[PDB]
Amino acid sequence: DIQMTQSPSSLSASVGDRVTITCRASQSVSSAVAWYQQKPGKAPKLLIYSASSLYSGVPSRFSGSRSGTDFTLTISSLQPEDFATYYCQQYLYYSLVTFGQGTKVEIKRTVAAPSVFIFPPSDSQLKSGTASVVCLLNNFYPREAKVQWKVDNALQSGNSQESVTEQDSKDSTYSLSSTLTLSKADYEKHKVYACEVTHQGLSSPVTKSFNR
Amino acid sequence: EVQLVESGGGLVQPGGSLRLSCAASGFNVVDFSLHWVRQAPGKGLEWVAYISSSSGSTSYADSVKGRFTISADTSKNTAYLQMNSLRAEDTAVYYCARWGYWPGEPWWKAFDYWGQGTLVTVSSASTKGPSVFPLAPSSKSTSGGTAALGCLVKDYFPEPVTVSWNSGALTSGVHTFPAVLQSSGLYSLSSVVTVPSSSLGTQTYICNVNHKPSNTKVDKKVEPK
Amino acid sequence: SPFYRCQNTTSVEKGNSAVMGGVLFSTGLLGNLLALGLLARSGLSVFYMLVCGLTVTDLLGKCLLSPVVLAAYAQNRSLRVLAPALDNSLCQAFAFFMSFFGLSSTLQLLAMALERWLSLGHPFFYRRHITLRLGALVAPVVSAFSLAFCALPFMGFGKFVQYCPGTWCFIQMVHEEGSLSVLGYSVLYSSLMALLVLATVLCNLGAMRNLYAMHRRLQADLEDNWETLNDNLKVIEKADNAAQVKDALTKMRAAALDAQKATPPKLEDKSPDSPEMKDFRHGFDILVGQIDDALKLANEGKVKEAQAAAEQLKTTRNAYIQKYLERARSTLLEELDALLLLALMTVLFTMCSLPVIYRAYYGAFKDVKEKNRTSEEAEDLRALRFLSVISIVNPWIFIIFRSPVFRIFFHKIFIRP
Amino acid sequence: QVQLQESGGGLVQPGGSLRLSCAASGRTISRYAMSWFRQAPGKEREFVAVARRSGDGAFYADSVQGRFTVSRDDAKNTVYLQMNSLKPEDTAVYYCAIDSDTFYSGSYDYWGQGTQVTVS
Ligand SMILES: Cc1cc(OC[C@@H]2CN(C)c3ccccc3O2)cc(C)c1C(=O)Nc1ccc(Cl)c(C2(C(=O)O)CC2)c1
Ligand SMILES: *[C@@H]1O[C@H](CO)[C@@H](O)[C@H](O)[C@H]1NC(C)=O
């Protein structure tokens, strides 16, 4: 089972940069290596098919090279339509086909610090028998942000589901939602809840609390 | 004029059966080998199975082998994959692709054509209606002239659910987050928006949620507390 | 107080060494005649036409100059008194012919080295306009140039002087009390000899590096992939169970594809549409197809046809893709032989001519003062003797390099390192 | 644990360049990220720039992108803040911090002492 290792995983660049992605094979597959590009909600497309050969219709800014079971894909000057995910494949026999793990490319801008909000549970949901508390992080860059939830001291055992939007089309920033849901009786044990948000563009963590 | 179109994907109970048909267009299936590929939601790609009808050769992946079978009908120009012991890990999008024969350039180009894919979901759940809750802002603590306001949609099945604000009037500064599969087998979702703090307490806000399979339409009004 | 005592000496008294000159001339004559017999009759490139010209030029040098020295030393007379019909003309002609032959031979050796370097390094330029006409019109051109060049002292730019004991003659180098028309010819001659030797050495080194590149390019692709194919066939033919058969067959397939990418040393100028490459690629394609059907039959379904398929693969491998390998290896060994012959000839010529250049520059403008009587004539004779004795050793190199048993042992020797 | 030093801070004319050096006395800076922070006499600390691991990139603030620049040296594991085209509102005390999270989550625990930059 021949394996493929792809580097890096996330790349941030700007229009006009020079981009290099590396794939590595476990054994020698000669020059039987292909590259594919995929966008969300679509089927993959072929770019290179012999580690150095361009498929018909692909623009010439895509280049591929082979050296000692090390394969390189290069984009000389990035364009706004190249923000997608990229895969490397080895094919040796009909039963010997293996894919890579992918690499996503996105846009670079200046650091912005998140804005933090907290919402208490509604009264109608308490009748049903559940209580859900939601914490919102708005308009931050880069994507790496951390949320810590506590009641009195580091209550992170409780399940807290997080969802992240895609990169915004206007200002290329991010929004994140963290939901913490418990039973009704567990909502009546304590009185204070708080969020603590940390980010790279912030001297000290931001805490937001409410009291029952 | 070359296409690959699949059909036969849908919701089945665990342990069920399903037959997926790939119907080649513009070329003879006898002269080309063909393969099945699948992709899980939010993951990578994975090869599944292989048939060559000229040589009568057939191969499967390690997990698929023993459970799925693949056949070819040349007069009908169609390949079949019969799926017999379906589990929750089979929930994915499925593709049928082609591959040429040695010798020549036909072998060297691996996967020059794919299909659009069909979605197979395996879950033992029935249609349900969502429930809606508000997220009230507090004018006491919303300093800086900005406030946040939204509503929460919970416990529906299956996908999808559409959320709108003020019947589509509010389209600026609104964020809707992707659905998350809960442990109960259902989904949850949230919608938020930001408003100036001066306008808070003078204008009402409405969020509307629509679900087609269960035929549900709910409007909820959010007010400051 | 002239520098040379024996400038006007009319008699010779020494130790009856004329017989030594006779035996040395006899050995040189038999070596030249046997060498001109051996290859030029039994053996039959542009290398060998130049070698033939070199041998005949050397033979005409020996048959002309050694008789005069031997006759003067035998008639017990100086070179001005040996022949009464011509007293100074014998000395002038002797020195003139010595210098002329010494220059022309070096020009021929330089042409040999340059031609071999160009042939081995850049094949397109070599093939375009270098043929047997070029190899046939080297000696007349270089000999005419040297014979025109070595006539300056007869024109008024140098001097020929008889050296003690009066049996030799050569250009004078140790000057007057001071002059401008005696420095010029000596330094010009030695400068030309030095430049020719330097160019020859550089060409030798370049040709050696190009041959090393050729050896490495052969040894990587075809040879290492062939070794891999042999090992994979062996491990398939000695195996149990159908687990490792797929892995061994895939390794063999990868090695076969990489080997099909390779290029033989010959028929490489035209990579596409050459039949010598097309059937190479066809044989590798047939082998890959056999591998594919063996994989299909014995790996998708469990059956023991893999051993018979491996036997058939070995049978079709050992038939008609060994000829290319053997042709390539033979070509490399013949190239190595040609380069070794050049190296030995260059070593001899460079060794046995530097005393003349050093002596010419030592007697000219590098002399605050020189002890003159017993320390310069005995040193001056040695350079002339070495420049003459270049002639004897030249054809014996070729004889040893094409001997029945000696060359066979030599070839068995130098292939190993 | 670590010991950080800031080199620089002499009086410089308006419009003149300057270079500040942030040096960690040993340890390792190879897998971490480095950050620079302002502090005015009457305000709070503000983000200036960050240098990530090699091959990923560097980031600046919105009042900093045009002029300042951040360079990194793994031989002596130091970072350099080179500033150009200064104006009298840039005078402040500068501090250097180390991010302890390898997943690029902002967590600064070591601050040093900082240096005063004055513009006449
Ligand atoms: C003169 C002579 C000329 C010659 O080549 C002709 C030409 C000229 N040159 C220099 C040349 C150079 C390169 C290629 C071709 C060339 O062709 C060859 C020989 C052997 C001799 C010879 O007789 N040498 C000699 C060597 C050692 C001794 Cl000990 C003696 C004796 C003594 O008393 O000196 C005992 C007599 C004589
Ligand atoms: C040789 O004779 C010439 C001509 O008379 C004379 O110039 C020269 O000095 C003589 N040399 C010796 C060494 O006797």
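Residue numbers (PDB author numbering), protein chains in the order written: chain L, 2 to 213; chain H, 4 to 228; chain A, 3 to 46, 59 to 233, 1001 to 1106, 1200 to 1206, 258 to 342; chain K, 1 to 120. Beta carbons: idealized from backbone N, C-alpha and C, even for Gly.
| query | Per DSSP, which one or two residues make a beta bridge with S21(K)? | reply | For this step, residue 21(K) is matched to residue 21 along the fourth sequence. According to DSSP, which records beta bridges pairwise, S21(K) is partnered with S7(K) and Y80(K).
| Tell me which same chain residues have a C-beta within less than 6 Å of the C-beta of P206(L), skipping the five on either side of it? | In the first sequence, the residue the question calls residue 206(L) occupies position 205. Only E197 and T199 meet the Cβ criterion.
| message | Is there a Cβ of chain L sitting closer than 8 Å to that of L1094(A), yes or no? | response | For this step, residue 1094(A) is matched to residue 313 along the third sequence. Chain L, which has no Cβ nearer than 8 Å to the Cβ of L1094(A), makes this no.
| The alpha helix (DSSP H) spanning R27(K) covers which residue range? | In the fourth sequence, counting from the first residue as 1, residue 27(K) sits at position 27. Counting along the chain, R27(K) falls outside any alpha helix (DSSP H), and DSSP gives it neither H nor E.
| Other residues of its chain near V16(L): CB distance less than 7 Å, five sequence neighbours each side excluded | By one-based count along the first sequence, residue 16(L) stands at place 15. The residues are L79, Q80 and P81.
| Residues with a Cβ closer than 7 Å to any heavy atom of ligand 2, in chain order? | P4(A), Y6(A), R7(A), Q9(A) and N10(A)
| What first and last residue would you give for the alpha helix (DSSP H) that runs through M1058(A)? | The residue you call residue 1058(A) lines up with position 277 of the third sequence. Looking at the DSSP string, the run of the alpha helix (DSSP H) that includes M1058(A) is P1056 to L1076.
| field | 9 Å Cβ cut-off: residues of chain L touching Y60(K) | value | Taking the first residue of the fourth sequence as position 1, residue 60(K) is located at position 60. Those within 9 Å of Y60(K) in chain L are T111 and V112.
| said: For the segment 97-118 of chain K, list every residue whose C-beta sits within 9 Å of some C-beta in chain L, in sequence order. | reply: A97, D99, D101, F103, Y104, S105, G106, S107 and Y108
| message | Would the segment 1009-1023 of chain A count as touching the segment 1079-1088 of chain A if we require 3 or more Cβ pairs under 8 Å? | response | yes
| request: Answer yes or no: does any C-beta atom of chain K fall closer than 8 Å to that of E145(L)? | output: Position 144 of the first sequence holds residue 145(L). Cβ-Cβ to chain K under 8 Å: yes for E145(L).
| message | Please classify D93(H) as buried or exposed, where buried requires at least 16 other C-beta atoms within 10 Å of its C-beta. | response | Position 90 of the second sequence, counted from the start, is the residue given in the question as residue 93(H). Answer is buried; the Cβ neighbour count reaches 16.
| Chain-ordered chain H contacts of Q90(L) [CB-CB under 8 Å] | Along the first sequence, read from residue 1 onward, the residue named residue 90(L) stands at position 89. Chain H residues near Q90(L): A113 and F114.
| query | What is the DSSP secondary structure of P81(L), reduced to helix, strand or coil? | reply | The sequence position of residue 81(L) within the first sequence is 80, counting from 1. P81(L): helix per DSSP, three-state reduction.
| request: Just grab the DSSP bridge partners of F63(L) for me. | output: Here the question's residue 63(L) lines up with position 62 in the first sequence. DSSP, once it has assigned bridges, lists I76(L) as partnering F63(L).
| Would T81(H) pass as a contact of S24(H) if the rule is Cβ separation under 8 Å? | Along the second sequence, read from residue 1 onward, the residue named residue 81(H) stands at position 78. Along the second sequence, read from residue 1 onward, the residue named residue 24(H) stands at position 21. Taking 8 Å as the Cβ cut-off, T81(H) and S24(H) qualify as a contacting pair.
| request: Using a cut-off of 7 Å between C-beta atoms, extract the partners of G66(K) located in chain L. | output: Locating residue 66(K) in the fourth sequence gives position 66, where the first residue counts as 1. Simply none; closest approach about 11 Å.
| For the segment 116-131 of chain L, which residues have a CB atom closer than 7 Å to at least one CB atom of chain H, in sequence order? | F118, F120, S123, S125 and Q126
| Shorter than 8 Å from the beta carbon of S66(L) to some beta carbon of chain A? | Residue mapping note: residue 66(L) aligns to position 65 of the first sequence, counting from 1. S66(L) does not count as touching chain A.
| Hey, quick one: how far does the alpha helix (DSSP H) through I108(L) stretch, first residue to last? | Against the first sequence, residue 108(L) aligns to sequence position 107. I108(L) -> not in any alpha helix (DSSP H); beta strand (DSSP E) instead, spanning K105 to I108.
| query | For ligand 1, is there a heavy atom less than 7 Å away from the beta-carbon of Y87(A)? | reply | For this step, residue 87(A) is matched to residue 73 along the third sequence. Yes.
| request: Report buried or exposed for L194(A), applying the criterion of at least 16 other Cβ atoms within 10 angstroms of its Cβ. | output: Along the third sequence, one-based indexing puts residue 194(A) at 180. It is exposed - the Cβ of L194(A) has fewer than 16 other Cβ atoms within 10 Å.
| Bridge-paired residues (DSSP) for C196(L) | Position 195 of the first sequence, counting from 1, holds the residue named residue 196(L). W150(L) and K209(L).
| query | Within 10 angstroms of its Cβ, does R1034(A) collect 16 or more other Cβ (buried), or is it exposed? | reply | Walking along the third sequence from the start, residue 1034(A) turns up at place 253. Answer is buried; the Cβ neighbour count reaches 16.
| request: Taking only heavy atoms of ligand 3 into account, decide whether any of them is closer than 7 Å to the Cβ of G30(A). | output: No copy of ligand 3 appears in this structure; the ligands present are ligand 1 and ligand 2.
| Going by DSSP, what residues sit across from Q85(H) in a beta bridge? | As a position in the second sequence, residue 85(H) is number 82, starting the count at 1. The partner list for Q85(H) (beta bridge, DSSP) reads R22(H) and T72(H).
| task | Find the residues of chain H that neighbour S96(L), judging by a C-beta separation of less than 8 Å, and give them in chain order. | result | Working through the first sequence from its first residue, we reach residue 96(L) at position 95. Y53 and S62, listed in chain order.
| At a cut of 8 Å, does the segment 110-125 of chain L reach the segment 87-95 of chain L through at least three beta carbon pairs? | no
| task | Compare the Cα-Cα distances from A51(K) to each of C96(K), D109(K) and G114(K) and report the closest residue. | result | Translated into the one-based positions of the fourth sequence, residue 51(K) becomes position 51. Nearest of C96(K), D109(K) and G114(K) to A51(K), Cα basis: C96(K).
| said: Three Cβ pairs or more, each shorter than 8 Å: is that satisfied between the segment 136-143 of chain L and the segment 99-117 of chain L? | reply: yes
| query | Alpha carbon to alpha carbon, what distance is there between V2(K) and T208(L)? | reply | Reading the first sequence from its first residue, position 207 is the one you call residue 208(L). Reading the fourth sequence from its first residue, position 2 is the one you call residue 2(K). In a straight line, the C-alpha of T208(L) is about 27 Å away from that of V2(K).
| task | For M228(A), name the three-state secondary structure that DSSP assigns. | result | Against the third sequence, residue 228(A) aligns to sequence position 214. Of the three classes helix, strand and coil, the one that applies to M228(A) here is helix, per DSSP.
| request: Reducing DSSP to helix, strand and coil, say where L155(H) ends up. | output: Within the second sequence, the letter at position 152 stands for residue 155(H). Three-state DSSP puts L155(H) in a strand.
| task | For my contact list, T69(A) and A37(A) are in at a C-beta cut-off of 8 Å; report their separation, rounded to the angstrom. | result | Your numbering for residue 69(A) matches position 55 in the third sequence. Your numbering for residue 37(A) matches position 35 in the third sequence. With 8 Å as the limit, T69(A) and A37(A) qualify as a contact, their Cβ atoms being about 6 Å apart.
| For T1031(A) and chain L, any beta-carbon pair shorter than 8 Å? | For the purposes of this step, residue 1031(A) is identified with residue 250 of the third sequence, where counting begins at 1. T1031(A) counts as touching chain L.
| query | Can at least three beta-carbon pairs, one atom from the segment 1007-1018 of chain A and one from the segment 1045-1059 of chain A, be found at a separation below 8 Å? | reply | no
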